[PDB]
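Undergrad: coords please:
(chains A, B and C)
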Amino acid sequence: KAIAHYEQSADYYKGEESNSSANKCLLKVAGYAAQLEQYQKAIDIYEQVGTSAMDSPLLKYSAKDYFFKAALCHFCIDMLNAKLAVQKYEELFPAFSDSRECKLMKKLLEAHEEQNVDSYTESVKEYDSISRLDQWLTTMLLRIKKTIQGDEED
Amino acid sequence: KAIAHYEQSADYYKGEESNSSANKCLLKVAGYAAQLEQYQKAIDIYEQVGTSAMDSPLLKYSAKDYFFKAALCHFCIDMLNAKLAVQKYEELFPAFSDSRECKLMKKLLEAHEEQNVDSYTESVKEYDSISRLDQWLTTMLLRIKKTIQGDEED
Amino acid sequence: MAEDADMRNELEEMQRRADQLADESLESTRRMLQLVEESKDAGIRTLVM
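TA: Numbers count the residues shown, from 1 in each chain, chains lettered A, B, ... in the order given. Dropping the coordinates below:
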């Protein structure tokens, strides 16, 4: 019900061009919704924020983690759908902060696709130092490796 | 009475849940609970405010500062609460400002448990080499160093 | 001949070790791996806030 409150309330904030809460309460929807139950809403929300994020000269740097959140949600998907966002998105990959978004991904896609764990886990062996991991990121880490379990664990 | 009004006003700022105004009051309470020397209440302050901060990305890189501020508040508190409050606050001990808190504190309070002030005073400057000390910390450090010295005679 | 010679010889140690401390330079370049990430990690999310 609270996520519905964020949803209708963000519908009001959307209809008033108070874009702050319009993006925010949607992020509150998707960040818990993706892990718990709603999957296409995850990328649809993080792309709705991501386009107008790329628009404004104020917003297009917040888009990096927004498309990180769009990418690393895997929806029982084994694929490079994150790489579909790579060859979609205006990364400008000589910006290396998106390499902690997608070169992370360019490892772990083929780690999960070649059902391999000592490269997937190694990604966070090195990424925990260069980025502090909060609860949602590690729960999503555990999420994609539950997909790895469903790929491996008999 | 200054402290009674920081505390009372922080009660009001937490009345309307304006948190960091109250935390800015609580540093003037708690930071001046060091020279008023109620360390028991100094560590009673940084816990409930900083364990509330790991969920916040707003302050997480700051939160371990506060559990240096919680940790180094000794009245010679030599329990493993200092070895456990650093753990309940889940904290990668290879964090690199927790290298400036946790294993700092290990050298600061193992040498006290070695009863050996010399490598203590060398390593506190080794900390100074990697993060310079300020007024409230330095005064509490010479304070606890007095406690260590007065314990190493007998 | 009817000759057996079985012999040994000795080593000349390479240079570049005035004192062991030199490897502390690696402890430096550990630290400038340590003292680099939080700058950007709080920089971009400081831009977020």
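Undergrad: going forward, measure contacts and count neighbours with C-alpha atoms only.
TA: Noted.
Undergrad: Near chain A, which residues of chain C? Just list them.
TA: Chain C comes close to chain A at residues C:37-38, C:41, C:44-45, C:47-48, as judged by CA under 8 Å from any CA of the partner chain.
Undergrad: ok, now with 10 Å
TA: Counting by CA under 10 Å from any CA of the partner chain, chain C comes close to chain A at C:33-42, C:44-49.
Undergrad: quick check, nearest of these to chain B?
TA: residue C:34 (6.0 Å; CA to the nearest CA).
Undergrad: Near the closest one, how many other residues are there?
TA: 17 (other CA atoms under 10 Å in any protein chain shown).
Undergrad: is it true that it touches residue B:97?
TA: Yes. Using CA atoms under 10 Å, residue C:34 makes contact with residue B:97 at a distance of 9.1 Å.
Undergrad: Which members of the residues of chain C next to chain A are classed as buried?
TA: C:34, C:37-38, C:42 (16 or more other CA atoms under 10 Å in any protein chain shown).
Undergrad: Make TSV out of those and add secondary structure.
TA: As requested, those are exported to TSV (DSSP: H, G, I helix; E, B strand; the rest coil):
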residue	secondary structure
C:34	helix
C:37	helix
C:38	helix
C:42	helix
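Undergrad: what about residue A:46, which helix or strand?
TA: Assessed by DSSP states H and E, residue A:46 sits inside helix A:40-55.
Undergrad: Going along the chain from that helix, find the next helix or strand for me.
TA: Note on helix A:40-55: by DSSP H and E, the next helix or strand toward the C-terminus is helix A:63-72.
Undergrad: just so I have it, where are all the strands in chain C?
TA: Using DSSP state E, chain C contains no strands.
Undergrad: So residue A:71 versus residue C:28, what's the distance?
TA: Shown here: residue A:71 relative to residue C:28, a distance of 36 Å by CA to CA, to the nearest Å.
Undergrad: These two: which has the busier surroundings?
TA: Comparing residue A:71 with residue C:28 by other CA under 10 Å, the one with more neighbours is residue A:71, at 22 against 11.
Undergrad: For the more buried one, give me its contacts.
TA: By CA atoms under 10 Å, 6 or more residues apart in numbering or on different chains, the contact list for residue A:71 reads A:42-43, A:46, A:65, A:80-86, A:101-102, A:105.
Undergrad: Likewise for residue A:70?
TA: Residue A:70 sits next to A:30-31, A:34, A:40-47, A:50, A:64, A:81-82, A:85 when contact means CA under 10 Å, 6+ apart.
Undergrad: near chain C, which of the residues you listed show up?
TA: Restricting these to those near chain C by CA under 10 Å from any CA leaves residue A:64.
Undergrad: Which of the contacts of residue A:70 are buried, as a PyMOL select command?
TA: The buried residues among the contacts of residue A:70 can be selected in PyMOL (16+ other CA under 10 Å) with this line:
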select buried, chain A and resi 30+31+34+41+42+43+45+46+47+50+64+81+82+85
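Undergrad: Return the residues of chain A in contact with chain C.
TA: By CA under 10 Å from any CA, the residues of chain A that approach chain C are A:58-59, A:61-65, A:97, A:129-132.
Undergrad: How about chain A: which residue is closest to chain C?
TA: The minimum distance from chain A to chain C, using CA to the nearest CA, falls at residue A:130 (5.1 Å).
Undergrad: right, is stretch A:90-97 up against chain B?
TA: No. Stretch A:90-97 lies out of reach of chain B by CA under 10 Å from any CA, never closer than 17.7 Å.
Undergrad: do stretch C:42-49 as well
TA: Yes. Contact of stretch C:42-49 with chain B (CA under 10 Å from any CA) involves C:42, C:45-46, C:48-49.
Undergrad: would you turn these into TSV with distance to residue C:15?
TA: Listed next are the residues of stretch C:42-49 next to chain B as TSV, based on distance: CA to CA, whole Å:
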residue	distance to residue C:15
C:42	43
C:45	47
C:46	48
C:48	51
C:49	53
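Undergrad: In helices, which of those residues appear?
TA: Mapping the residues of stretch C:42-49 next to chain B onto helices (DSSP state H) picks out C:42, C:45-46, C:48.
Undergrad: And residue A:58, how close does it get to residue C:42?
TA: Look at residue A:58 and residue C:42: by CA to CA, they are 17 Å apart.
Undergrad: Most widely separated two among the ones in helices among the residues of stretch C:42-49 next to chain B?
TA: By the measure CA to CA, C:42 and C:48 form the most distant pair in those, at 9.3 Å.
Undergrad: How about residue 49: what's its closest non-neighbour residue?
TA: No chain in the question, so chain A it is. residue A:23 (6.1 Å; CA to CA, 6 or more residues apart in numbering or on different chains).
Undergrad: switch to chain C, that's the one I care about
TA: Spatial nearest neighbour of residue C:49, chain neighbours left out: residue B:58 (7.6 Å); criterion: CA to CA, 6+ apart.
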